Amino acid sequence: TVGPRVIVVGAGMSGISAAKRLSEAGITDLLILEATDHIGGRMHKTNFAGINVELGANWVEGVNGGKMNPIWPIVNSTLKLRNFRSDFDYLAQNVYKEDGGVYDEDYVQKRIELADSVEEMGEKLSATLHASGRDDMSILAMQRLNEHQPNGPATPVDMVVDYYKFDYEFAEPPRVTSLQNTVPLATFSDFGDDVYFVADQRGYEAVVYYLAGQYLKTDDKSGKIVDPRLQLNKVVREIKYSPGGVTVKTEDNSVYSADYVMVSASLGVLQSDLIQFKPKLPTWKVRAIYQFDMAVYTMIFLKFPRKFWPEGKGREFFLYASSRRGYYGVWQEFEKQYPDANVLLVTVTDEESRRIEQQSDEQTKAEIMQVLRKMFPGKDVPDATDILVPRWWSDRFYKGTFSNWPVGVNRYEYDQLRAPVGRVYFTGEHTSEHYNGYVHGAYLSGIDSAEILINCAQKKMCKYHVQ
Ligand SMILES: Cc1cc2nc3c(=O)[nH]c(=O)nc-3n(C[C@H](O)[C@H](O)[C@H](O)COP(=O)(O)OP(=O)(O)OC[C@H]3O[C@@H](n4cnc5c(N)ncnc54)[C@H](O)[C@@H]3O)c2cc1C
Ligand SMILES: *[C@@H]1O[C@H](CO)[C@@H](O)[C@H](O)[C@H]1NC(C)=O
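Residue numbers (the deposited numbering): 2 to 468.
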């Protein structure tokens, strides 16, 4: 409250996580400017039907492994948020033919096993690659290498399996994704292979609220944060930085002065025009910004008069093996999570997301009915009473859902993304050293970025040397 002053742009998970570590170090003169009317960012729940569902992150990915994922204790022990281990063991039983009903289990299981071992091969190769990524490649090239082919999985089952294995995780096709940096994934190698599905009407966002309440003044009766240092509905539009200090202009024309600015807005937002930098950021930094990927991952939710889809063991995850790659193939049913709610989840990513976001909710529900009517020619399938189409790409405060490591981005130029310019510091999942794309990554980037700065402010070490 006296000493250097840091303005933190954004009250998402990395924004909150940074400001906490800052407060703890003694840097308590904090101003958090949050663009929307709530903290938590891409951890955001919403009312669908009569339930609360997640628009953003829904999983704690990487549990049960060699090292404790820091998100996990908070979820499972502290807040005891309702959640379920995901079981993908049965997918072979649950892949639907484009016209009429399920494939032969034994058949699918083979293609699965075959996919798995190509990826096991690519794991081995990845570990041999030079650390400069002089000799990195796309996941797809590794697939071609192994499958001895001009192309990757190119037939309806093979693709939806490919999609499940990759797109469903990184929101972009294997052919744009760097092998060296996704195969294998530090989230899973480090924290475990398991993923847990948070279904707790408090919201996964509860994790961020909780960390916020560690250091921000909250009302004793109500619980709401009331700390003057948190400023909602504050859209940062300009950042002026000289060696003297920094100016932050918001959209209602407020100008704040600080010693240092911590910027936690998504790589998507950074890629847009929303925040103008004066001076323009160095060419190196701009190049790093535009070369990395901000993927879109859309969780279409559906309400039904009755159920028509199998429930029971292995019935949560099913795929639709469309002849058109990435066309309503990934489906989730919620017998455990919201029983008996009668809702389905289809996921889409990337090119389909951008199409679907731009098109009428109506039109979309059309396309989905058609697919569902194809998948269960047997049953008598009612129209969905309600659809939900999260439009994160469209939203100017997000412009996507999480980062993806593309081919051609190496370790050096990844680091340039996170490297500070002057008194301008960056945090956010996209700056995470080993966990870009993830809640825990965003959380841990909070701490790291905070520490880079604490080192400058207190210990007077301010030249950050990129590697
Ligand atoms: C659809 C979806 C699916 C996902 N699934 C998973 C999952 O299951 N598990 C997992 O771990 N990860 C998943 N994630 C990724 C994970 O949610 C993110 O890595 C993390 O939550 C992002 O936090 P952040 O602090 O890096 O960024 P953000 O949460 O985006 O924080 C930035 C904040 O700044 C605000 N803002 C932006 N611009 C400005 C401005 N100009 N002025 C002031 N404030 C600004 C934003 O509103 C936002 O609150 C998912 C995310 C999405 C959206
Ligand atoms: C989480 O909590 C449950 C019930 O509270 C406990 O029994 C279990 O050990 C925990 N699960 C994991 C994966 O750690």
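Using N, Cα and C, we set each Cβ at its ideal position, and we do this for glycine too.
Asked: Taking 8 Å as the threshold, find out whether the segment 297-305 comes into contact with the segment 342-353 through three or more Cβ pairs.; Found: yes
Asked: With the cut-off set at 9 Å, would you say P175 and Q144 are in Cβ contact?; Found: yes
Asked: On the DSSP letters alone, give me the boundaries of the beta strand (DSSP E) that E239 sits inside.; Found: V237 to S243
Asked: Between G447, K218 and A132, which lies nearest to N182 when the distance is taken from Cα to Cα?; Found: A132
Asked: Please classify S127 as buried or exposed, where buried requires at least 16 other C-beta atoms within 10 Å of its C-beta.; Found: buried
Asked: Between which residues of its own chain and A93 is the CB-CB distance below 7 Å, once the five residues before and five after are set aside?; Found: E106, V109, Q110 and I113
Asked: Say yes only if the C-beta of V64 is nearer than 8 Å to one or more non-hydrogen atoms of ligand 2, and no if none qualify.; Found: yes
Asked: For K279, which of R307, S18, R288 and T248 has the nearest alpha-carbon?; Found: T248
Asked: Considering just the uninterrupted stretch of the alpha helix (DSSP H) at residue 477, what are its terminal residues?; Found: For residue 477 there is no data in the structure shown, the boundaries of the chain being 2 and 468.
Asked: Check each candidate in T284, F403 and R412 and name the one with the smallest Cα separation from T350.; Found: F403
Asked: Alpha carbon to alpha carbon, how far is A187 from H435?; Found: 6 Å
Asked: Going by DSSP, which residues form a beta bridge with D294?; Found: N405
Asked: Taking only the alpha-carbon atoms, compute the straight-line gap between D195 and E62 and give it to the nearest angstrom.; Found: 6 Å
Asked: Between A458 and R424, what straight-line distance do the alpha-carbon atoms span, to the nearest angstrom?; Found: 10 Å
Asked: Taking the CB atoms as reference points, tell me whether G16 and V7 lie closer together than 9 Å.; Found: no
Asked: Classify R22 as buried or exposed, calling it buried when 16 or more other Cβ atoms lie within 10 Å of its own Cβ.; Found: buried
Asked: Could you please give the first and the last residue of the uninterrupted beta strand (DSSP E) stretch that includes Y426?; Found: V425 to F427
Asked: Using DSSP with H/G/I as helix, E/B as strand and the rest coil, what is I28?; Found: coil
Asked: Pick out the complete beta strand (DSSP E) segments inside the segment 268-356, 3 residues or longer, and give them in chain order.; Found: 277-279, 294-296, 298-304, 318-322, 331-334 and 344-350
Asked: Nearest to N234 by CA position, among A36, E352, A20 and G27, is which residue?; Found: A36
Asked: Determine, using beta-carbon pairs with one atom in the segment 282-290 and one in the segment 448-462, whether at least three such pairs fall under 8 Å.; Found: no
Asked: To the nearest angstrom, how far is the alpha carbon of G214 from that of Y444?; Found: 15 Å
Asked: Tell me the DSSP bridge mates of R6?; Found: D30
Asked: According to DSSP, is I52 part of a helix, a strand, or is it coil?; Found: strand
Asked: Between the Cα of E363 and those of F293, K380 and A385, spot the shortest distance and give me the residue it belongs to.; Found: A385
Asked: Taking 8 Å as the line, does the beta carbon of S87 fall inside it for any heavy atom of ligand 2?; Found: no
Asked: State buried or exposed for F89, treating a residue as buried only when at least 16 other CB atoms are found within 10 Å of its CB.; Found: exposed
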